[PDB]
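Hydrogens, waters and symmetry mates are skipped; everything else that's a heavy atom, side chains included, is used. For the single chain, residues carry numbers from 1 onward in sequence order.
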Amino acid sequence: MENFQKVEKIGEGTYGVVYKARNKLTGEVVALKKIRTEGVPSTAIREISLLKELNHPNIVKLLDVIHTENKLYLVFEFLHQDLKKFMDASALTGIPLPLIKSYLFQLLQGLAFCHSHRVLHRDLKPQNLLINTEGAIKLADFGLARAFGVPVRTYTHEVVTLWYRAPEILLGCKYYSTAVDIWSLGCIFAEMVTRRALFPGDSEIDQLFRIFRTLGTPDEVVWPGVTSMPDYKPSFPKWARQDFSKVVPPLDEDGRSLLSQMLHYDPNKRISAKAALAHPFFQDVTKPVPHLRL
Ligand SMILES: Nc1nc(Nc2ccc(C(=O)O)cc2)sc1C(=O)c1cccnc1
């Protein structure tokens, strides 16, 4: 790009490609996201233009928004690594619990902030959580289903991940609440702890049944109204709920208790980011620094 000397391609999100680039003028290194078409709507440019004011230590700062030629460019502060790479890098030893706790705590602060401002992320996943050498972790991407709406893929033939999708979404609820972000964060928390995706579905139905096999097929008792959901079918198999101690060993009881609250089927029962920050699990929370290999 004329103003940016693209360093490299560091990703290809569900909306566009992300590049590491240097402002030929300021010399600042940033993350430049190219957005995907036939004119680029204005309702979105506003939704986006609104994000620039959403500043918090646990939210990646959106520096500039540039609309030009069917392509929208989002300029973000650059962070050196994402949680997916860090988890892969920590696979053999596991991320130390104090760091897992710090990361969870910070992301909940980020979400509490977003949610208090009625902003929903909607697509939390390891690849959308960025970390630095200082021990911070920030929410990135935020998708844009409200400012657009996930079509059929990312933008150019790429398998979207369903692993962190809340059940109400999979069951066709058209109106997501902040609860979907807590569910996703719950899934990531479990994954950091066990070093294995909690619900690695490879299709919407497989994702749904993996959740059902583990947490039990929901019914009107645990989730009032579930049998009325758009994609609910009486023919869904009926699996019993598995014991939580088998789901995330060796997470301690405080952690398991918090996780169960983040994974309640009923969105209305699911814990809020604000309430989660008060959970006993965070009593001894600290801010360790990660060992990042850049
Ligand atoms: N600001 C920002 N910084 C990133 N850094 C890296 C990310 C990954 C790696 C890596 O895998 O080595 C290095 C730096 S990615 C990113 C984004 O704002 C973003 C993330 C995901 C989707 N869309 C935009």
Side-chain angles (χ1 to χ4, degrees), residues 10-18 20 30-31 33 51 54-62 74 76-91 94-115 119-145 154 160-166 178-200 248 255 258-259 262-263 273 276-277 281-282 285 287-294:
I10 53 182
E12 294 169 303
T14 52
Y15 293 126
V17 176
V18 193
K20 178 177 185 173
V30 305
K33 185 170 198 178
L51 297 189
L54 199 65
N55 304 311
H56 181 99
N58 300 114
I59 301 182
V60 177
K61 190 183 175 177
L62 167 61
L74 295 184
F76 295 102
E77 61 170 312
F78 174 87
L79 272 95
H80 272 75
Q81 192 164 288
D82 64 28
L83 190 62
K84 186 179 188 314
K85 169 181 276 267
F86 186 56
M87 292 194 271
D88 286 342
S90 309
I95 296 166
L97 183 63
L99 182 49
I100 294 184
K101 189 171 299 179
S102 173
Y103 280 173
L104 181 59
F105 191 69
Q106 298 180 61
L107 294 167
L108 284 170
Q109 298 186 77
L111 284 185
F113 182 78
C114 281
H115 293 172
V119 168
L120 290 64
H121 183 103
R122 304 177 303 285
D123 195 25
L124 290 180
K125 48 185 179 193
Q127 293 166 295
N128 289 346
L129 306 174
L130 318 173
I131 59 180
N132 61 26
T133 53
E134 261 61 52
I137 181 157
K138 311 189 177 194
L139 292 161
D141 191 89
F142 283 77
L144 48 75
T154 60
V160 62
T161 283
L162 303 173
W163 301 2
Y164 311 97
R165 196 133 298 161
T178 54
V180 304
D181 291 333
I182 294 304
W183 173 279
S184 301
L185 185 53
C187 291
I188 294 165
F189 169 33
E191 186 173 341
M192 282 193 280
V193 166
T194 70
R195 292 126 78 175
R196 198 161 168 172
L198 182 61
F199 301 127
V248 292
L258 169 52
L259 181 65
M262 295 177 83
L263 298 181
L277 291 169
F281 183 61
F282 299 112
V285 67
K287 190 181 180 181
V289 304
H291 174 256
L292 304 190
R293 168 174 310 92
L294 309 172

Residues passing the side chain to side chain donor-acceptor pair (under 3.5 Å) test with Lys20, sequence neighbours excluded, are none
Measure the shortest side-chain to side-chain distance between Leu124 and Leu111 over non-hydrogen atoms and say whether it is less than 4.5 angstrom. yes
Under 4.5 Å between any side-chain heavy atoms of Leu83 and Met192, yes or no? yes
Considering all heavy atoms of both residues, which atom of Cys114 and which atom of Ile59 are nearest to each other, and what is their separation? SG-CD1, 3.4 Å
Set of side-chain contact (heavy atoms from CB on, under 4.5 Å) partners for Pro57, sequence neighbours left out: none
Quick one: list whatever passes salt bridge (charged side-chain N to carboxylate O under 4.0 Å, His left out) with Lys33, sequence neighbours left out. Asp141
Here the pair of heavy atoms bringing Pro290 nearest to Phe86 is CB-CZ, 3.6 Å
Can you pull the side chain to side chain donor-acceptor pair (under 3.5 Å) pairs that have at least one residue in residues 179-194, sequence neighbours excluded? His115-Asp181, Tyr164-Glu191
Where do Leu104 and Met262 land on the side-chain contact (heavy atoms from CB on, under 4.5 Å) test, with the steps shown first? CA-CA 12 Å; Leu104 181 59; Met262 295 177 83; 4.2 Å; yes
Kindly indicate, with the supporting measurements, whether the criterion side-chain contact (heavy atoms from CB on, under 4.5 Å) is fulfilled by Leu62 and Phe142. CA-CA 11 Å; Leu62 167 61; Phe142 283 77; over 6 Å; no
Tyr15: ring-ring contact (aromatic ring centres under 6.0 Å, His included) partners, not counting sequence neighbours: none
pair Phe282-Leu258: side-chain heavy atoms closer than 4.5 Å: yes
Can you pull out every side chain to side chain donor-acceptor pair (under 3.5 Å) where at least one residue sits in residues 101-110? Sequence neighbours excluded, please. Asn58-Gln106, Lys101-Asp284, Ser102-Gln106
So which atom in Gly110 and which in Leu139 form the shortest heavy-atom distance, rounded to 0.1 Å? C-CD1, 3.6 Å
Validation row: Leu198, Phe189 side chains within 4.5 angstrom (heavy atoms): no
I'd like to know whether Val119 forms a side-chain contact (heavy atoms from CB on, under 4.5 Å) with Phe113, so could you lay out the CA-CA distance, the side-chain angles of the two residues, the decisive distance to 0.1 Å, and finally the verdict. CA-CA 9 Å; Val119 168; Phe113 182 78; over 6 Å; no
Check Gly13 against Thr154 and note the closest heavy-atom contact, atom names and distance. O-CB, 3.5 Å
Sequence neighbours left out, cut at 3.5 Å: what donor-acceptor pairs do the side chains of residues 129-137 make with other protein atoms?
from: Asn132; atom 1: OD1; to: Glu134; atom 2: N; distance (Å): 2.9
from: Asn132; atom 1: OD1; to: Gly135; atom 2: N; distance (Å): 3.2
from: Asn132; atom 1: OD1; to: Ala136; atom 2: N; distance (Å): 3.1

Can you name the nearest heavy-atom pair linking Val18 to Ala31, along with the distance? CG1-CB, 4.3 Å
Partner residues of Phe76 under the ring-ring contact (aromatic ring centres under 6.0 Å, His included) criterion, sequence neighbours left out: none
Residue set satisfying salt bridge (charged side-chain N to carboxylate O under 4.0 Å, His left out) with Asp123, at least two apart, ordered chain then number -> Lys125, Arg165
For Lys84, the side-chain contact (heavy atoms from CB on, under 4.5 Å) test, sequence neighbours excluded, returns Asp82, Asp88, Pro126, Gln127
Partner residues of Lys138 under the salt bridge (charged side-chain N to carboxylate O under 4.0 Å, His left out) criterion, sequence neighbours left out: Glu77
side-chain contact (heavy atoms from CB on, under 4.5 Å) for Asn128 and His121? Distances and angles first, verdict last. CA-CA 10 Å; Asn128 289 346; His121 183 103; 3.8 Å; yes
Restricting to side-chain contact (heavy atoms from CB on, under 4.5 Å), what partner residues turn up for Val180, sequence neighbours left out? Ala166, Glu168, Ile169, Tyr176
Do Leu144 and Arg122 have side-chain heavy atoms sitting under 4.5 Å apart? yes
CD1 of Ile188 to CG of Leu107, rounded to nearest 0.5 Å, is 7.5 Å
Sub-4.5 Å side-chain heavy-atom contact between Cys187 and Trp163: no
